[PDB]
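when you get a sec, could you give me coordinates for this:
(2 chains)
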Protein chains: 2
Amino acid sequence: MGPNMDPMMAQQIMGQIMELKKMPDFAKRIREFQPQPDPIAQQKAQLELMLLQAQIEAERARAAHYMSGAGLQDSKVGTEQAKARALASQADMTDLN
Amino acid sequence: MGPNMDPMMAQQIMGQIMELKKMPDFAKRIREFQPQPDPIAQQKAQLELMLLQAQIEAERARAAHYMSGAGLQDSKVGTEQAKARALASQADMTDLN
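Numbering: from 1, shown residues only, chains lettered A, B, ... in the order given. Dropping the coordinates below:
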């Protein structure tokens, strides 16, 4: 038939084949049988948490860290300039002496 | 028949074939037989713990660590500024002398 939903319908059909083949007890039991799912939905919930945390927690934090690092380097440039100037002045003093 | 649940029903059927083939002892034993699961549910529990810990414990902690690092860099920028200013002043003193 196909992947069509409402498996209740498939149960009704199968029960009808039972009844036509003269096992009414089996027919009633099947047509009234209620399927029950297992506890594997935990897997779906946990993988959802996997993805949620791996995206919000990891990547955005990495971006923030890298931008902060870039700002820090741009700051350190000035200290490099100052060190160069100071050492030049000290060399001048030594040459004078 | 299909993956339909209630394997008790399959046992009833198989016992009926036994009885029709005249082995009533086997028929009764099969129809009253109770299947028992193994100790592999430990695997499901342990993999559930796998996922739970790998998500809560790892990723959120990584996010917290990265945000803390970003804040630290943003703090260090000011110290860089101060170092630059101080070295400039020292160079000025040396030039004056």
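
right, and residue A:79 touches residue B:84 too?
Yes: counting by Cβ atoms under 8 Å, residue B:84 is a contact partner of residue A:79 at 4.8 Å. Yep, even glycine has a C-beta here, placed from its N, CA and C like the rest.

not counting its neighbours along the chain, what's nearest residue A:60?
Computed as Cβ to Cβ, 6 or more residues apart in numbering or on different chains, the closest residue to residue A:60 that is not its neighbour in sequence is residue B:63, at 7.6 Å.

and the angle from the helix or strand harbouring that neighbour to helix A:60-96?
Of the helices and strands defined by DSSP states H and E, residue B:63 is found in helix B:60-96. In terms of direction (axes from the mean of the first three to the mean of the last three Cα atoms, to 10 degrees), helix B:60-96 departs from helix A:60-96 by 20 degrees.

ok, now which ones touch the residue nearest to residue A:60?
A:53, A:56-58, A:60-61 (Cβ atoms under 8 Å, 6 or more residues apart in numbering or on different chains).

cutoff 10 Å now
Neighbouring residues of residue B:63 by Cβ atoms under 10 Å, 6 or more residues apart in numbering or on different chains: A:53-54, A:56-62, A:64.

for residue A:40, what are phi and psi?
phi -90, psi -10 (degrees, to the nearest 10).

number of nearby residues for it?
Counted with other Cβ atoms under 10 Å in any protein chain shown, the burial measure for residue A:40 works out to 9 neighbours.

hang on, it packs against residue B:44?
Yes: shown here, residue A:40 and residue B:44 form a contact pair, counting by Cβ atoms under 10 Å, at 8.3 Å.

how far away is the residue most central in space within chain A from residue B:50?
The geometric centre of chain A, computed from its C-alpha atoms, lies nearest to residue A:51 (Cα atoms, centre = their mean), at 0.5 Å. Here residue A:51 is placed at a distance of 16 Å from residue B:50 (Cβ to Cβ, to the nearest Å).

and residue A:72, by the same measure?
Relative to residue B:50, residue A:72 is positioned 38 Å away (criterion: Cβ to Cβ).

of the two, which one has the most company?
Of the pair residue A:72 and residue B:50, residue A:72 is the one with more neighbours under other Cβ under 10 Å, namely 17 against 11.

now for the more buried one: which residues touch it?
B:72-77, B:79-80.

hmm, try it at 7 Å
Taking Cβ atoms under 7 Å, 6 or more residues apart in numbering or on different chains as the criterion, residue A:72 is in contact with B:73, B:76-77.

possible to save those as CSV with neighbour count and distance to chain A?
Formatted as CSV, these follow (neighbours: other Cβ atoms under 10 Å in any protein chain shown; distance: Cβ to the nearest Cβ, whole Å):
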residue, neighbour count, distance to chain A
B:73, 19, 3
B:76, 16, 6
B:77, 14, 5
